[PDB]
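**Q** this one's experimental. Sequence and coordinates below.
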Amino acid sequence: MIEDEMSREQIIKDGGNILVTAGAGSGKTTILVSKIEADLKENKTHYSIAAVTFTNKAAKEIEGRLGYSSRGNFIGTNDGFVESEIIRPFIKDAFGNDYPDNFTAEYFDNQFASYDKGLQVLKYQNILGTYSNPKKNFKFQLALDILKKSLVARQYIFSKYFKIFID
Amino acid sequence: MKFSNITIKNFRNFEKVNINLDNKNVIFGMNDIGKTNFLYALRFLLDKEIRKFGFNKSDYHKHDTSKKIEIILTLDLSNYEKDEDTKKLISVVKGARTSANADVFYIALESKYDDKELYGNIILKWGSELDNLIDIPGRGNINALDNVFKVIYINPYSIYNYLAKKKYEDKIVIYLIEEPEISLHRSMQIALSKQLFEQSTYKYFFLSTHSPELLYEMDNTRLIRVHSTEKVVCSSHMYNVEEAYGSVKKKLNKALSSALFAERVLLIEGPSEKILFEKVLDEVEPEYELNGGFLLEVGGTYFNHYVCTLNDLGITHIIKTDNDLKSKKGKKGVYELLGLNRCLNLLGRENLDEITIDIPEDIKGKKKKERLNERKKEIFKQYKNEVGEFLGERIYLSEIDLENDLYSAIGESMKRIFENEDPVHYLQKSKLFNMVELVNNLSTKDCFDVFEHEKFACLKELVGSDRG
Amino acid sequence: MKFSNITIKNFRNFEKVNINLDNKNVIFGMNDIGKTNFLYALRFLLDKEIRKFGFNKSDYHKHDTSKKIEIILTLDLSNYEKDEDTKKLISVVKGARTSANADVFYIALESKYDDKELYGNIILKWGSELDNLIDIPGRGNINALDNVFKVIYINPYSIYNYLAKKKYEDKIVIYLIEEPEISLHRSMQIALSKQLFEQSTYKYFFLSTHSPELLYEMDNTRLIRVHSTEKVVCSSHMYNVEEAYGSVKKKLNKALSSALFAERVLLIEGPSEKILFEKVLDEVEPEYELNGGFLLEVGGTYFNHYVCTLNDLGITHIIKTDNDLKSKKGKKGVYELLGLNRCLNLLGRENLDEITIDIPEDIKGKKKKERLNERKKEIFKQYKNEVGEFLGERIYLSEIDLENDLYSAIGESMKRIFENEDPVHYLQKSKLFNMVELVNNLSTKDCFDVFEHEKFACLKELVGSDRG
Amino acid sequence: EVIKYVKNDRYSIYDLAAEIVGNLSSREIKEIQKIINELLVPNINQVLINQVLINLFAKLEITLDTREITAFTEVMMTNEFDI
């Protein structure tokens, strides 16, 4: 019984926004895949979920504990989520057709530090990189600008995803 | 949320057919090959199990083999903020749309023959623009349209109710019911019509029928009619019953259901007209229902529903009526031109003003009749040009009544078999029994004088023989 | 020349059924298993290709296997000196007859299970006596009955016309047409009905239908109806139209064809009664045609054809009418009781004497109406016991008319929505438009007062719910 | 091709795209579509010179003009050469 089982019984049967302040390790993947399995079991609609991490080793571990599904769930890192769900399908709609679709993410030689020259690089030579300062994100700023600028990105990202799991 | 139209640009017998659609579509007509090819075109567009076999040489028109097969379907995609299947399409379509065309979506199918391996490949495209349609992505044997749609083909009912109740919440379900009246008693066809048109389980379907009893509760439905010609020409009408005509909707549908499967429909008011016209057509043209003729009962519903339904589907409508006057409620001496307003309504005009006639009390048993008939005579005289405009259409308005025009065709025969000074006065006392007594005693060559008269050209247009 | 009856003493679902036959037999009903088993019993009796397989365990009732299957068919054999098929039977039957029974022939089939080889053997006998039937002789795989009869089974028309014209002069040809209306447009069903019932190529047939349009020219036919119960009970009527009812035969058949596929038929006169009754039944019992109810239009044909047709087949018939008076031709002041004679005719009585009423000239616009109404009142008063005898049947006779009985059920509602001193007088001026105006303004709970009233028990018998 | 796309009303942008040098131009035809959609204003006085100038800067094959820009100008002068 005790704290483990009563916290599991509370957290599994919730339906709202949840904030979990855990300890060091001890199987965060276990509670994550248990809540994901419970949410996918209780849902019979067409909506899917999105699990977000940093290292894709955790992503293959999550889908290994999960199994196989064709509902359309997204398991991976947040860079891949922003790239494949917000930036790539709607870059031609949010900022005009003259901005290009097919592009390569490379953050190994890039150290530019402005938004203006950043989307100049994305328009002219179609490379998306990173900011110079470590505490920034050009990709997430561009995703926020796409979401605020494009209607159909809001329609897609509301009509597909039901819950978003942040770790 | 709602389908818009389908354009078939090459198929087994379609040259270039653009059929407007809706939810709850019902197709009917004379040739069954065109209807089953319409349903097979829908199956080739939306069903995976039929699309995987591809096209043969016989799926092209005239086996011509050098023409591209194109089938395009349009959706509305506009009614958002309340609808669930809109999200069901948007979540899978992903970034194939533009924010300028937030509404209106296109799904298309293309095919071109190979002529070396003898195989017609089927390529599916989608997009919100008429051009620049991109291919539908898919990994193996399936694509995204298989994740969107679920097609149920029913060919020989309550199980699908609870099946859609607890399952198929993931996908938009489209029914294709092909001839459900085969080996069904007519009470079951009426129940099936009630289930199809009132219950909300059947949201999108494409029906094909040969029975009038399975269209008895038609509302918010798209009526689609294929013609009797060899080349497929298709007509379409958006049928819904107005709320003012809601108390008598059942008896409107019970007549229009039999009227839809005809080719020349003549609209009459009472059953005495029915008795006289079947007696005449028994001797003159004994087969007329074989050739597509039909006699329709209206009985006081302004002709506006029936003519608007029959004109859009390409069915010729002939109207014969009389200009009677109706007394207003609680007011003596004022009358309404009922027949003239009824004929002027469907061309589209304003209703005529209320006409008063000064009639003293005295006696009103018999003299009031001709006191109204000469008023009808001068009313018919003053509107001669509108009567000619009616005769430009198939509207035939009598001078006084049917029986007065019957006396002007045969008078001596009716005088002989009635034995009265005025046989018309004996005809309008008991309209049911005296007409039966007339047609029981009316011999041959009395019908032919009725047929070949100027006031009975409605029967000549119903028969439809082009002698001249 | 003519078939007499078939007795099925054991089959797949027949316990002991004795169906009277004729030439041109048409069977219909609710359960399809009984109709297809009737046609399969005829095929087992007369067709060689079905008889050669024998019976299985499932061809006995309840799979009981210990009961002998017996199927007997009777012929008339009397109409000689002019008929050709009589000689066609006599020449092959040879010395299986007696001179005492020169007419009436029997063909019988017997079967008993073996219970060791699991096979039911079929033995055929014939003879003119009920007992002492001898076996039909035959050399190899055939017998003499194969030389007599030729059976054509048609299951999904003009080819068989010239096929019977230049061939099949050797053998008596029997058709078994099973459901010919499947995937046929209704004009083709009307043409098929004309071919079946007027053209003399089809002499003997056994039809089974689910469509009213293929019985439109019914004459000299045997109507056979299977019931809706699980145990097969069968009703039979010899339908032919009398020569006096020959001018209006088409509109008689066009109503009786839809009336045959019902279970409770209510007979009314005019379309105003139709409008009022579907308006009431829309709110009270919204499904009635789904449960087997039907409203029939008569319109002045003495109720004698319809009741005699519906009573023999086991269909309940309810009649509601009024006692109106009809003026004679050329004689002032003499009247005929029309409704009373029409109700007294079908129980079987003499027509009542012509009743005269002394009415002075004066005015006849409005006082003549009430001057006929209290005479109708005293006529209804003096025949109270015959009215009770009518109520013993399903005949309901109004005191004056429908609208006067409607005013006695709801008066204040009609006074409110009509705005007149007498609403009944406004109702009988324009009977079509004013009834529509009534039912358009007649709300809910006005229908329930019509339903629960004593003069409207016909609707309660049409619904048929056994509350008491 | 550009005058046929401008003065007809319905001629497609890809029909004009099908002649520029080596073609295979995707995602960049809207860049010139904006410029020539700015040519759909009538403005008959002097805007054709600098609009065609920035068009030929966009589409290359530069300095093939001066006489040819006037030969192109005289077509739409009076708004129609042959109605």
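**A** In hand now; what should we look at? Numbering: from 1, shown residues only, chains lettered A, B, ... in the order given.
**Q** identify the residue nearest residue A:101 in space, chain neighbours excluded?
**A** residue A:92 (5.3 Å; C-beta to C-beta, 6 or more residues apart in numbering or on different chains). Just so you know, the C-beta spots here come from the backbone N, C-alpha and C atoms, and that holds for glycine as well.
**Q** contacting residues around that neighbour?
**A** Contact analysis of residue A:92 by C-beta atoms under 8 Å, 6 or more residues apart in numbering or on different chains lists A:99, A:100, A:101, D:27.
**Q** using PDB, write out the CA atom coordinates for the helix ranked longest in chain D.
**A** The helix that spans the most residues within chain D, counting by DSSP state H, is helix D:47-59. Provided in PDB are the C-alpha atoms of helix D:47-59 (Å, rounded to 0.1, in the frame of the first residue of the first chain):
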ATOM      1  CA  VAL D  47       5.500  52.300 -63.900                       C
ATOM      2  CA  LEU D  48       6.200  49.700 -66.600                       C
ATOM      3  CA  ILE D  49       9.800  50.800 -67.000                       C
ATOM      4  CA  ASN D  50      11.000  50.200 -63.400                       C
ATOM      5  CA  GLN D  51       8.700  47.200 -62.900                       C
ATOM      6  CA  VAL D  52      10.100  45.500 -66.000                       C
ATOM      7  CA  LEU D  53      13.600  46.600 -64.800                       C
ATOM      8  CA  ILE D  54      13.200  44.700 -61.500                       C
ATOM      9  CA  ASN D  55      11.600  41.800 -63.400                       C
ATOM     10  CA  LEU D  56      14.700  41.500 -65.600                       C
ATOM     11  CA  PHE D  57      16.900  41.800 -62.500                       C
ATOM     12  CA  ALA D  58      14.800  38.900 -61.100                       C
ATOM     13  CA  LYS D  59      14.700  36.700 -64.300                       C
END
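**Q** contact partners of it?
**A** D:2, D:20, D:31-32, D:35-36, D:38-39, D:41, D:62, D:64-65, D:69, D:72-73, D:76.
**Q** kindly supply the ChimeraX command isolating those of these that are buried.
**A** Only the buried entries of the contacts of helix D:47-59 go into this ChimeraX selection, using 16 or more other C-beta atoms under 10 Å in any protein chain shown:
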select /D:2,32,35,36,39
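**Q** from the contacts of helix D:47-59, which land in helices?
**A** In helices, defined here by DSSP H, the members of the contacts of helix D:47-59 are D:2, D:31, D:32, D:35, D:36, D:38, D:69, D:72, D:73, D:76.
**Q** now tabulate those in TSV and tack on distance to chain C.
**A** Shown next, in TSV, are these (distance: C-beta to the nearest C-beta, whole Å):
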residue	distance to chain C
D:2	58
D:31	60
D:32	59
D:35	62
D:36	58
D:38	61
D:69	70
D:72	65
D:73	68
D:76	62
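**Q** tell me which element the residue nearest to residue A:101 falls in.
**A** Here residue A:92 sits within helix A:88-94, counting by DSSP states H and E.
**Q** quick check: residues of chain D near chain A?
**A** Contact residues, chain D versus chain A (C-beta under 8 Å from any C-beta of the partner chain): D:27, D:28, D:30, D:31.
**Q** in chain A, which residue sits closest to chain D?
**A** Going by C-beta to the nearest C-beta, chain D is nearest to residue A:97 of chain A, at 4.3 Å.
**Q** in chain A, which residue sits nearest chain B?
**A** Closest point on chain A to chain B, by C-beta to the nearest C-beta, is residue A:89, at 2.6 Å.
**Q** what segments of chain A are strands?
**A** Applying DSSP state E to chain A gives strands spanning A:48-53, A:74-77, A:104-105, A:127-128, A:161-166.
**Q** could you dump these to JSON lines with mean neighbour count and distance to chain B?
**A** As requested, the strands of chain A are exported to JSON lines (neighbours: other C-beta atoms under 10 Å in any protein chain shown; distance: least, C-beta to the nearest C-beta, whole Å):
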{"stretch": "strand A:48-53", "mean neighbour count": "20", "distance to chain B": "8"}
{"stretch": "strand A:74-77", "mean neighbour count": "19", "distance to chain B": "12"}
{"stretch": "strand A:104-105", "mean neighbour count": "12", "distance to chain B": "17"}
{"stretch": "strand A:127-128", "mean neighbour count": "18", "distance to chain B": "17"}
{"stretch": "strand A:161-166", "mean neighbour count": "15", "distance to chain B": "8"}
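**Q** relative to chain C, which of those strands is closest?
**A** Once the strands of chain A are compared by C-beta to the nearest C-beta, strand A:161-166 is nearest, at 41.3 Å.
**Q** how far off centre is stretch B:118-130?
**A** Mean-position distance between stretch B:118-130 and its chain equals 34 Å (C-alpha atoms, centre = their mean, to the nearest Å).
**Q** so what touches it?
**A** By C-beta under 8 Å, 6+ apart, the list of residues contacting stretch B:118-130 from outside reads B:44, B:51, B:54-57, B:59-60, B:69, B:77, B:93, B:96-98, B:101, B:104-114, B:133-136, B:143, B:145.
**Q** mind doing that once more with 6 Å?
**A** B:51, B:54-55, B:96-98, B:101, B:105-111, B:113, B:133-136 (C-beta atoms under 6 Å, 6 or more residues apart in numbering or on different chains).
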